[PDB]
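Take a look at the structure set out below.
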2 protein chains.
Amino acid sequence: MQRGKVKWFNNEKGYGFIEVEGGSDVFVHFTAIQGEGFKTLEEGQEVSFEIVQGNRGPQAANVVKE
Amino acid sequence: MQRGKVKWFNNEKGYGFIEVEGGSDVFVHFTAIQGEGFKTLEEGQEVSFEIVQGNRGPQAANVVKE
Ligand code: NA
């Protein structure tokens with residue numbers, strides 16, 4: 001698990017990228033976002049998350065908004 | 001039917017969140033807003049609305065400023 005801050009999120013498309021210290025930006029899809037409510041993120045939002053590797057490459061999992 | 005006050009609304013992006021007494025904040029997209037005028041909301045505006053569940057989580061529908 002790592003903390004990061006959303007760099008960009010296209011709310012209409014439902015995906016974006018998370019900046020992290022000491023790694024490349026991480027793709028995040030809305031289906032990774034946990035908890036109550038409509039699955040969305042704003043740029044600048046701080047989250048905790050894990051990275052998983054699929055056929056498309058690394059992406060965020062278990063994204064929890066701070 | 002619910003009543004709330006807009007907590008924040010990004011006019012450029014066309015979405016925000018409504019605060020409701022005794023529940024979690026509810027996402028609102030501009031396409032939910034009813035009426036003739038440009039589809040926008042100011043923070044503090046009183047609104048009536050319904051909550052619609054869906055794949056990406058709950059959001060407001062039939063939002064009326066009144
Ligand atoms: Na980085």
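Identifiers in this document derive from the order of the structure tokens: chains are assigned A, B, ..., residues are numbered from 1 separately in each chain, and ligands are numbered from 1 in order of occurrence.
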What does chain B look like once superposed on chain A, all Cα atoms paired in sequence order, least squares? Give it as an mmCIF file with C-alpha atoms, in the first residue's frame.
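Saved to result09.cif:
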```cif
data_model
loop_
_atom_site.group_PDB
_atom_site.id
_atom_site.type_symbol
_atom_site.label_atom_id
_atom_site.label_comp_id
_atom_site.auth_asym_id
_atom_site.auth_seq_id
_atom_site.Cartn_x
_atom_site.Cartn_y
_atom_site.Cartn_z
ATOM 1 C CA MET B 1 0.093 -0.142 0.015
ATOM 2 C CA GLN B 2 1.006 3.162 -1.634
ATOM 3 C CA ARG B 3 -0.028 6.752 -1.030
ATOM 4 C CA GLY B 4 -0.372 9.342 -3.787
ATOM 5 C CA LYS B 5 -2.259 12.318 -5.098
ATOM 6 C CA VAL B 6 -4.550 12.195 -8.094
ATOM 7 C CA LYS B 7 -2.810 13.890 -10.988
ATOM 8 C CA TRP B 8 -5.819 13.918 -13.337
ATOM 9 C CA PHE B 9 -9.162 12.202 -13.539
ATOM 10 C CA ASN B 10 -11.609 12.484 -16.410
ATOM 11 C CA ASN B 11 -14.952 12.292 -14.612
ATOM 12 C CA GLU B 12 -16.893 11.667 -17.790
ATOM 13 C CA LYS B 13 -14.792 8.674 -18.788
ATOM 14 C CA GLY B 14 -14.224 7.451 -15.248
ATOM 15 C CA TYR B 15 -10.428 7.019 -15.201
ATOM 16 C CA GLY B 16 -7.230 8.936 -14.590
ATOM 17 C CA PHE B 17 -3.773 8.705 -13.089
ATOM 18 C CA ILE B 18 -2.324 8.942 -9.556
ATOM 19 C CA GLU B 19 1.102 10.548 -8.870
ATOM 20 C CA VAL B 20 3.339 8.786 -6.367
ATOM 21 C CA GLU B 21 6.597 10.038 -4.842
ATOM 22 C CA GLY B 22 9.457 8.010 -6.252
ATOM 23 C CA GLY B 23 7.500 6.057 -8.838
ATOM 24 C CA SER B 24 5.742 6.356 -12.096
ATOM 25 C CA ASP B 25 2.162 7.537 -12.310
ATOM 26 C CA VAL B 26 -0.420 4.825 -11.816
ATOM 27 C CA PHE B 27 -3.619 4.380 -13.909
ATOM 28 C CA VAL B 28 -6.837 4.305 -11.913
ATOM 29 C CA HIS B 29 -10.233 3.152 -13.173
ATOM 30 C CA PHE B 30 -13.425 4.127 -11.350
ATOM 31 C CA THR B 31 -14.122 0.501 -10.437
ATOM 32 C CA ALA B 32 -11.040 0.585 -8.143
ATOM 33 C CA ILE B 33 -12.441 3.388 -5.963
ATOM 34 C CA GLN B 34 -13.759 2.258 -2.569
ATOM 35 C CA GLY B 35 -16.620 3.746 -0.613
ATOM 36 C CA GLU B 36 -20.329 4.533 -0.780
ATOM 37 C CA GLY B 37 -20.181 7.678 -2.929
ATOM 38 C CA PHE B 38 -20.192 8.128 -6.680
ATOM 39 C CA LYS B 39 -16.902 6.779 -8.004
ATOM 40 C CA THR B 40 -14.931 9.898 -8.860
ATOM 41 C CA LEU B 41 -11.691 11.644 -7.884
ATOM 42 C CA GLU B 42 -10.521 15.278 -8.058
ATOM 43 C CA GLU B 43 -6.989 16.304 -9.004
ATOM 44 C CA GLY B 44 -4.964 16.835 -5.860
ATOM 45 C CA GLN B 45 -6.930 14.279 -3.811
ATOM 46 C CA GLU B 46 -4.835 12.202 -1.487
ATOM 47 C CA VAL B 47 -5.394 8.425 -1.935
ATOM 48 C CA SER B 48 -4.162 5.135 -0.631
ATOM 49 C CA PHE B 49 -4.068 2.170 -3.043
ATOM 50 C CA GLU B 50 -2.415 -1.025 -4.091
ATOM 51 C CA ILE B 51 -0.762 -1.630 -7.506
ATOM 52 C CA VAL B 52 -1.947 -4.709 -9.354
ATOM 53 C CA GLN B 53 0.071 -6.006 -12.371
ATOM 54 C CA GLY B 54 -1.680 -7.472 -15.401
ATOM 55 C CA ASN B 55 -1.685 -8.135 -19.152
ATOM 56 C CA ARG B 56 -2.323 -4.498 -19.933
ATOM 57 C CA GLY B 57 0.114 -3.194 -17.341
ATOM 58 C CA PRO B 58 -0.142 -1.987 -13.738
ATOM 59 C CA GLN B 59 -3.155 -0.219 -12.318
ATOM 60 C CA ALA B 60 -4.520 0.890 -8.974
ATOM 61 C CA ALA B 61 -6.720 -1.286 -6.786
ATOM 62 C CA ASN B 62 -8.563 -0.629 -3.499
ATOM 63 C CA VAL B 63 -8.288 3.160 -3.890
ATOM 64 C CA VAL B 64 -9.380 4.973 -0.720
ATOM 65 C CA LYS B 65 -9.674 8.760 -0.449
ATOM 66 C CA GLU B 66 -8.192 9.635 2.848
#
```
